[PDB]
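Here the structure comes first, spelled out in structure tokens, and everything after it is commentary.
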Amino acid sequence: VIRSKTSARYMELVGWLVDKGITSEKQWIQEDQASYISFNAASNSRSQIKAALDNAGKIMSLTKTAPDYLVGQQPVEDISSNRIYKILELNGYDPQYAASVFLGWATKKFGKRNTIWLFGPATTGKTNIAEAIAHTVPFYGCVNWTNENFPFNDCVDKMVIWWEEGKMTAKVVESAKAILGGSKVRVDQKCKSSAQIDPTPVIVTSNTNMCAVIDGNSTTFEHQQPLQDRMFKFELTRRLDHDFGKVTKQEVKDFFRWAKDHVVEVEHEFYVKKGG
Amino acid sequence: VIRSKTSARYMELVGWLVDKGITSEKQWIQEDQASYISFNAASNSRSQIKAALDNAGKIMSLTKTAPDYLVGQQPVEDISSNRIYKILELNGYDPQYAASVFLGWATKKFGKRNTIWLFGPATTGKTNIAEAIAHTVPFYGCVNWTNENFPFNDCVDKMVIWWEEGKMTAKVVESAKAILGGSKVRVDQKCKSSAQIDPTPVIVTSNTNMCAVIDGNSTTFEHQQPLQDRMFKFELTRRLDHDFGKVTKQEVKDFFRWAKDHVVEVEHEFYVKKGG
Amino acid sequence: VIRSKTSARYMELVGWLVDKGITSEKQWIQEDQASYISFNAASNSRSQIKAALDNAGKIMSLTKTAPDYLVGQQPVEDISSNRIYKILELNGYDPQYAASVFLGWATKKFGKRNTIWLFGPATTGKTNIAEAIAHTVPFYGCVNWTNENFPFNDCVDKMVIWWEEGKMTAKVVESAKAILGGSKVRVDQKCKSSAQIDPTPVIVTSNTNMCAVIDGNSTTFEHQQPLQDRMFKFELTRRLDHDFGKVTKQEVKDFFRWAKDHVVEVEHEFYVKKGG
Amino acid sequence: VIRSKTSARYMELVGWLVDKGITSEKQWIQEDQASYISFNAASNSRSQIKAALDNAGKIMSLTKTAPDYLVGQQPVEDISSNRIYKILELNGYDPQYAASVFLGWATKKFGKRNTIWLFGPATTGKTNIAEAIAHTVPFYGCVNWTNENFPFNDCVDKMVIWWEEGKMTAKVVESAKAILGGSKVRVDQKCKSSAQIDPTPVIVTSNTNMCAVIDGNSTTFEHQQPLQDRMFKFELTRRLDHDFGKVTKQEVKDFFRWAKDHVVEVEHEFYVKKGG
Amino acid sequence: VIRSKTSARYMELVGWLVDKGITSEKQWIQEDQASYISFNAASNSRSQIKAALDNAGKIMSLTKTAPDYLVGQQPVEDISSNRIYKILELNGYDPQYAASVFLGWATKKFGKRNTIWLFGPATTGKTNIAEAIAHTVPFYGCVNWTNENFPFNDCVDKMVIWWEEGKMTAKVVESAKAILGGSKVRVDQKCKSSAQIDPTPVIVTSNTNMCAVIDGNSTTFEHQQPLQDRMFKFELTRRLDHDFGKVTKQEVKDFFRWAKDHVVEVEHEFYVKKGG
Amino acid sequence: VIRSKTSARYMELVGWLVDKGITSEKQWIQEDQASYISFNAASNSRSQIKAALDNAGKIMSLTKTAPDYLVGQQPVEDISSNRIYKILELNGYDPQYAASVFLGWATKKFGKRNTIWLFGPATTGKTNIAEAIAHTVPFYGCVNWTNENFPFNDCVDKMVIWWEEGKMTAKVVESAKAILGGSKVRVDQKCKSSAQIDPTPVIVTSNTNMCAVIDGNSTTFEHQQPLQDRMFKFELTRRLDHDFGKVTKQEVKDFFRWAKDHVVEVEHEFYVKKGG
Amino acid sequence: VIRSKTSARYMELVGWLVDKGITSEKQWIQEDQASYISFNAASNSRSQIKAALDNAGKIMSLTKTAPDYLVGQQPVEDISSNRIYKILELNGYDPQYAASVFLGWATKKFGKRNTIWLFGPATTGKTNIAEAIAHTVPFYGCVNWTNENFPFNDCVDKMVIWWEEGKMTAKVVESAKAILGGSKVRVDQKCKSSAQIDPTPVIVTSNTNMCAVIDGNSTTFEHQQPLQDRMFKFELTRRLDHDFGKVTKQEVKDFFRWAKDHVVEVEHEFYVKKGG
DNA sequence: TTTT
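Protein chains in written order, with the UniProt record's numbering: chain A, 215 to 490; chain B, 215 to 490; chain C, 215 to 490; chain D, 215 to 490; chain E, 215 to 490; chain F, 215 to 490; chain G, 215 to 490.
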């Protein structure tokens, strides 16, 4: 090893690369401009920063996970400032239930029940929370129903896969089980491309009846029974008004820290009871 | 950080990048030539200046807004030099009404009523004021009716969207509500492109009857009732002559400063009364 | 600002860039070879030179005008050496009339009457004077009737637009009014291109009857009446022989200086009287 | 030779290149981050690192083999920590039999019987062990049934060829004998490409009846008799549950070391007896 | 100006650029190899020499003419060594007539009679003299009858134009008058290209009857009468044998010097008399 | 000449370039890694090494031959270690016959009889020896029957041409005589390519009846009689078992040295007698 | 001029460029490797050597000829070592006849009789001597009958044009006279290319009856009579055996030196007598 | 001094 000087400063940037998780450039711009000031004061190129960016991305994709980037660092422990807790307490969820549920879902604790399905009206606000969690995660995957043979356009070996609204065709439904039960299987991509899907945590953002899988023009129900043993049904009948979103990263980080500080056992149950 | 010397001068340019808002090069040329003289005396290239330009553009697109670039810095407070005030006083608008109206429209204060619609004859001069405001804004969006499936050709994640003359087809009309009510929705761009439209302030520059939405060959009226609760009708029957335009940036900056110095509450009303 | 040494020499070149107005390279070659000698003695490349050229072009297109490059610097004041004055005195034009006419036409003094139309036989020599004035102007525009939907091929945001022989089709005739009356309007270019035409001084070089606008196969006359209030008719019945041209820049510069030294008021009149 | 100082370090990297066997970049990123730190601290480029990588790959492909990268370096000799030994003891395999079997299969000791075929249910877990062994080997080959005339898409002069599920067509079946008996033959690749297949150890990962070669639509049996004299039948009727995989490299390295420490003669027999 | 050292040597090359007139590279190679030796001893590249070459070419095309490169520098004044004088004395031409004729033709003295037409048999040798004069001229053009709408393939804004054998079509015949009489005429080229041809010296090398203009399939004679007032008929009935050519540059230079040393007036006459 | 220092080390590499004959890179990798270590310690590039490689290749193709790279350097002289001698003594070949035969065939001593044809069963092992000799030769040519008009795909001006199994068509048969008798002729390559074939030593590796030339669908025999006067028939009826190959370079080098140490005259005879 | 140090060594290379005449690289490789050793020891590049090569090629093509590169430098004067003299003495040619014949043919002494035609059987060996002379000449031209409108594919302004076997079409016959009589004419190349053919020495290598010009399908004889006055018929009825060729450069150089040392007059005669 |  040589160990120069300016390159050592890059090591400090590595800390930032493990501070909030930055993959592209929008999050790096939204973070702070002091990093850009230091980069402009140092060298005005594009080789070393691009190399560091791709190295950090490969490291986060081959070693780092998602919950490791969700553990809070500031011991706040304030349930009053947590605005998303009001939604859980209004929908009828126990404060020491869904917390450990998504803790085990993110850390791959249950193994088989690695899916959380949300049910309710579209006027609630679950889409905003899902988008906020996807933005806070450096490697997020959004299933955009655009192609007939490639629904996972953005899900390119990410950490959390988000299933948008829409029914899937009977061609890889059983393969979706490997993505809905925390298993590893080999799927077919575009043309001359075959990548293995790692057991990644997947949350269904479809507010409609996801159990009614419509096979193009016919609604099927033969896959509803097994899916009840691999996912988690989180239904709610509470409607939200305006000014009840704009969730960032500090709130969810403090919530994750508070949930990790109090470990609560979770039993195997699909239909979540309306208690607490 | 290294903190050299020459690169520190770039920080001074950052001030200019937040002085009047410069994105392309025409505004930078029209500003002053001393910056170009200093750049030619320093280093004769195109890498560092292009990097600074794209960085400032990304910063202004991901963090900065529009009213933040409209607050005046010189405390003039002179209503006689404000030539556009005569138009408002002749059309029948109160001096302490429309000012706070567009103040709340730009700063996203009302939230829902984030649209200002202008009505009247085409021989007035609202198009000149709209073009001047678009030129003063570094990220302006003009809806040019050129494509059948892409009307927002210039509206590429800008700050203010300007709706030109022409009726929209019944394919994304309800989606236009998300752009006319200050909401966030996912629209379809060209081919294999899907970008989310942020709640940006939109002003309709169509002097004709915008409520009569013509669906290609038939005029519809089912969307006129809800649009009255999300926009602002600003009608006028006063005709202007010649030599009553060429509005620049100092006049609108002083007007914005004077409007911010006197905060006046605005009630929810679509049809603006002819008083003041 | 660093302020080196060799780059400071570029500032001296800026003086040349505002000495006679050079946009391309033919005028720079026809000027003097000492500039090329100094450039070859300095640096032998094509980066600093091309950057300076495009910067000067953008500056002259976005700030500088045409009459600012026509004011003479040497106080000659000699009416005997002015050979083009004989043509004006033979056609029946007052020496203190057409001078102030084109002075106000170039400096945009009248505002509305910003067009000078020349009438007479084709054997006079107005085309040579027009070509000389276009060559002396750094940003000249020649309307070459080549395309059916793009007559202004060379008029790419220049200073003076020259209308050659030929009638226009009834598709943008009224738009031509904005170019014949000193107004600003948005026209359609080729494919996916829309540029606004600035109020630029336009002189019609068509020696034939320009009032008889032929709409392809039919001669129209509904636009002749308004055009009499926006242009200037300069007819002449004097025929010129040989050796009465080769007008350069010093002669027209001295003529402009002499016309500016004696300001004479000009009344609104289309048909120029044959007096003086 | 020059022998500088910065180039000497690369020699140390050569040790890593012969430590665990790294060909691409995923394995290098999964190893340690200290090598990347040292690389970033030294020189930030991509011309020397790529050179060393391709040189090491060519060296390992033209000289090094597979068992040479499987010999353990730490004398552990612990049969309790070896979790894959439980599978062999449950299937009915002697601890001092299959060990020497795959030792001779990897080191090319038998010469003719250079193939190990596994038989049993698909719910056992042989695919996980095969994938682990392929990942530990720097040059692994997976036969992916994708093309009709190119089944060995990944087998590009590697060390171990893995035969996946699926029957082969009667076009190169006898040629497969040269790959199933440890011989050298010339095969046809894609278009205008002919490469000789070296006698490489091949293990069939097809859990189904591999002896029933289906020729598209008809099952053949004329090649089953000779294949019994070139391969090794390893059948098992024991089913495994969950949490019995995740085989790394240290486990298989210790197993190879323990098998090499005790050399046991192996007789020529296709059907492996269920003893031990 | 900087005025270095090696670049100053380029100034010496400028002398060569005005010594014999070099545009391409064949003449530069045929001149002397000392320049190439000095260039190889200096810097070995192709960025500065090409720039100097194109700059000198543009300068010679926009400022320099043809007779300025034909004036001899060595006062020889020897009529015996001039071998081309024997042809003129045998054809019946006065030694002090055709000399001043082509002197006024090259220096543009007559203005209108700027064309010299040669008539006689094809076995004389005028083509060799024409090729020699074209080779001695740096910027020369030739009309090669290859395209139907582009006869002047080589005449790309040169000094001396040559007209080979071939009758012109009735398309620009009158335009050819401007080329056969010396007049600035704006014509078109291939596709969307215009050019203003200047009064350039043109020589019709057609040894056949050029007055009989064949319009494709019909011979016309309406242009023969005016062409007698713009060209010069030089007929001859003397046939030459072998070894009476290979004219270079020194001979024609000495002839031009001797003709310039004795100025003789030339009267306006088309048919040259057979005297002297 | 400058004669630096590091470049002088390249001269040492030249020795390696004439040590074992290296053209591509596989032989250089299979040789020794000390050369690569020295190259990595010197300069990490590919401009100078590629230049040296192509220069050595051109030198070996335009000057060096094949037997010059087959003369051994170590005086071993051991007939017991020569394993290929057992094959010759079992087939019925004299130890002092075929040695001088291929010595004269390689060194072009006979001139006309420059071809050695091998006959016998395909289970002997002549293909392995042919491949070994082709690998030891830096410029080897293998005739791969792939194209209908280009059988010599690899024979691109090499040293030894190897004729594989397959009959030739009646389109270049007689031309093959120039390749089977040691003559020079001009053949036709692909498209717009004509290269002369130098008299190179050619050995036929076809174990089948090469005299029965099949012209597509008919067997011809009119070329068998002359081919008996230009080639050498080496038939054998001895079958070989396993473990009787893997011939390298030291064995054939020692055999060539021993054959050169004892020069034995060879008479002109096609059918080799079974004696010795 | 600068005249450094290492560049001065390039001047020495110029001597080599005029030593044996090298245009491409095959002759430079076949010459000596000391030049390449010195080039590799000096500077490792390809921008200065390529420039020198193309400059020397252009110089030799525009100034140097062919016989100037054929004069020997070593005064050997040995008629016994000249092996090609035996062919001339066996065919019936005087030793002091054909020598001066080709001396005048190469040095362009006769002027009109600048063609030497060889007649006789194809089994003699004139093709080998022609190829040797073409290889010794740096700029040789071989007429390859490949295209229907471009037979002179290799004859690109070379020194000696070699006419291969085949008859020419009646499309450029008379033009061939300019190439067979030592004249200058303008021919048509491919597409949009017209180059003048310089009077170059041409030797017909067609051993068949060249006088019987076959016009595609009919044999013509109207051009045989004039061709007898511009070429030289060299017929022979002596057949040669083997080992009577491999002519290099020293032999022909010594022959040219001996022929130049004894100048013998040659009379005008087509049919060469069989004497001497 | 700091490029290829």
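Beta carbons: idealized from backbone N, C-alpha and C, even for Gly.
Next on the checklist: When you compare the CB of B/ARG444 with every CB in chain A, is at least one pair closer than 8 Å?
Outcome noted: no
Next on the checklist: For C/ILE428, report the span of its beta strand (DSSP E) as first-last.
Outcome noted: 427–429
Item to check | CB contact flag (D/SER314, D/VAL477, <8 Å) | outcome: yes
Item to check | 8 Å Cβ cutoff met for A/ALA266 and A/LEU227 | outcome: yes
Item to check | Beta-carbon proximity check, A/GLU379 vs A/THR422, cutoff 8 Å | outcome: yes
Checklist entry - What does a CB cutoff of less than 7 Å around B/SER294 pick up in its chain, not counting 5 residues either side in sequence? => result none
Item to check | Below-8 Å beta-carbon distance, D/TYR485 vs any chain F residue | outcome: no
Next on the checklist: Closest to F/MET225 by C-alpha separation, out of F/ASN254, F/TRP242, F/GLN262, would be which residue?
Outcome noted: F/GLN262
Item to check | Length of the line joining the Cα atoms of A/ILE417 and A/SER397 | outcome: 15 Å
Checklist entry - Between the beta-carbon of C/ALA255 and the beta-carbon of E/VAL215, is there less than 8 Å? => result yes
Checklist entry - In whole angstroms, what separates the C-alpha of A/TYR354 from that of B/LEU304? => result 55 Å
Next on the checklist: Please return the same chain residues whose Cβ sits closer than 7 Å to the Cβ of G/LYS381, not counting the five positions on each side in sequence.
Outcome noted: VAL427, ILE428
Checklist entry - chain C partners of E/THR220, CB-CB under 9 Å? => result Those within 9 Å of E/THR220 in chain C number zero; the least Cβ separation is about 10 Å.
Checklist entry - For the beta strand (DSSP E) that E/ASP402 lies in, which residues bound it at each end? => result 399–402
Item to check | Alpha-carbon to alpha-carbon, E/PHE448 and E/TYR311 | outcome: 12 Å
Checklist entry - With C-beta atoms as the reference, is E/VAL351 less than 8 Å away from E/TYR283? => result yes
Item to check | alpha helix (DSSP H) segments (min. 4 residues) lying fully within the UniProt domain "SF3 helicase" (308–463) of chain B | outcome: 312–320, 340–350, 387–394, 438–441
Next on the checklist: Please list, in chain order, the chain G residues whose beta carbon lies closer than 9 Å to that of F/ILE273.
Outcome noted: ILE243, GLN247, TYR250
Item to check | Closest Cα partner of D/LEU394 within the set D/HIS437, D/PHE364, D/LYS340 | outcome: D/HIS437
Next on the checklist: Can you check whether the C-beta of B/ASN358 is within less than 8 Å of a C-beta belonging to chain C?
Outcome noted: yes
Checklist entry - Quick one: which chain A residues come within Cβ less than 8 Å of D/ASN258? => result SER221, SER261, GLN262, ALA265
Next on the checklist: Determine whether the beta carbon atoms of F/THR462 and F/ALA344 lie at a separation below 8 Å.
Outcome noted: no
Checklist entry - Whose Cβ in chain B lies nearer than 7 Å to the Cβ of C/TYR224? => result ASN254
Item to check | Partners in chain C for E/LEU276, counting only beta-carbon separations shorter than 9 Å | outcome: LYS240, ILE243, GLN244
Next on the checklist: Measuring straight from C-alpha to C-alpha, what distance separates D/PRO440 and D/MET424?
Outcome noted: 13 Å
Checklist entry - On the premise that B/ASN269 lies in contact with A/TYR299, defined as a C-beta separation below 8 Å, what is that separation, rounded to the nearest angstrom? => result Their Cβ separation, rounded to whole angstroms, is 38 Å, which puts A/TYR299 and B/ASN269 out of contact at 8 Å.
Next on the checklist: Going by beta-carbon coordinates alone, are B/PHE470 and B/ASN296 separated by less than 8 Å?
Outcome noted: no
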